[PDB]
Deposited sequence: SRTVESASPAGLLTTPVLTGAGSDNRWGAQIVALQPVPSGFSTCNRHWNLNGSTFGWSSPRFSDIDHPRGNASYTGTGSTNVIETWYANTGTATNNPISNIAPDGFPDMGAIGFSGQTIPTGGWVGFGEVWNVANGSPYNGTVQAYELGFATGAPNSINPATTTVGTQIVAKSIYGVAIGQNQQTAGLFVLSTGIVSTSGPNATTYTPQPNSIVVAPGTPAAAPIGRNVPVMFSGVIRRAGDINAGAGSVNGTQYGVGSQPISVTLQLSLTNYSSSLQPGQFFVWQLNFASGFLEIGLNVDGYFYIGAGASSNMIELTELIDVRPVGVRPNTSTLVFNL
């Protein structure tokens, strides 16, 4: 039974989302629909992405590293084609852990807004030793036009994976072949004190061929799981910051992703159905549904206002329902 996939702890503070690993504190309805494949599992034990259901560091053994000038305090760019992560057993699209987001270019000397940023370095393919003057915060994502005219991409087909430092490195490296190493904990790129929109926005997510979309069904709209994430421009901001709170979203709680990767649920739900749970709040309730592609839905209609989980009391299973029956929204 799918019932055990969503339990009260997952949504009352002990859950984490499958993209940022952030503590899940809100639900984010997406009335346009969206797609996600990386670190996303369906109910047939399968993923269309390139990452395992844990938070792997990011390592690629063969890319091009360069900087744009002298050689100190310079922006370092690493890139490779998609489909070259030949040591990744899930997929060669990209290293396990590489973020499913478009890489955004700079605006003059202004840092891009909304990109996935991790800390990392380039390393020497001769011996595995780091080029230690290349440590920095790097924006990672999919793009065309690397190294020096990057535009974000939303497909894995015929594109590049890029890492570009958002600040200057101590000692730049021009290496026609070099490795990448980045930790898998991400922050979002910003400059100045402001939080940006929830990240990634639907049209920023990168998916691989064959990924099914989560489309709305009447008033039933797909939902993402939201937690507070850090941002580069005010790194001390957190939940309730006077400068605004920054949210990151994932398509699934990682505990759900993990369970779906360990057990096949194809006998318990078929196309056209949801497995439904009731979320009971202090003064209302709503139903959340899971479909066979692993996407969650709520009956929010054309609303993208976040639903805070602060007053959630418990989660109770309801059972299998048609996906065309409106999910109750009684808040």
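No alpha-carbon coordinates exist for the deposited sequence positions 1-7, 77, given here in order along the chain.
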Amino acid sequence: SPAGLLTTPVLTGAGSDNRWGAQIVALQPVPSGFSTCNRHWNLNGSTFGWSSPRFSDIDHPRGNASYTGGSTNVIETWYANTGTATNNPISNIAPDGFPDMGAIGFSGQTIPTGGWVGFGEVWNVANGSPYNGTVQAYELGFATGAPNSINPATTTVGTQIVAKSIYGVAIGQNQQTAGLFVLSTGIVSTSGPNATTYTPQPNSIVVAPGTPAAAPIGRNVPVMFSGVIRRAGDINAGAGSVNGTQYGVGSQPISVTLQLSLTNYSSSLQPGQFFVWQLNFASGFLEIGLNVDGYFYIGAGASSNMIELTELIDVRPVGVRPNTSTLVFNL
From here on, numbers count along this sequence of modelled residues.
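Relative to one another, 114-122 and 209-217 have unequal mean CA B-factors, and 209-217 is the one with the higher figure. Taking only CA atoms, the mean B-factor in the PDB entry is higher for 265-273 than for the other of 43-51 and 265-273.
If you compare the C-alpha temperature factors of 196, 77, 86, 160 in the entry, 86 comes out highest. Take 226, 148, 245, 257 and read off each C-alpha B-factor from the entry; 148 has the highest. When all modelled residues of the chain are sorted by CA temperature factor, residue 172 is found within the highest third. Per the PDB record, residue ranking by Cα B-factor puts residue 131 in the middle third of the chain.
When the modelled residues of the chain are ordered by C-alpha B-factor, residue 286 sits in the highest third. In the deposited entry, the Cα temperature factor of residue 70 sits in the top third of values across the chain's modelled residues. Annotation for residue 313: CA B-factor lies in the highest third of the chain's modelled residues.
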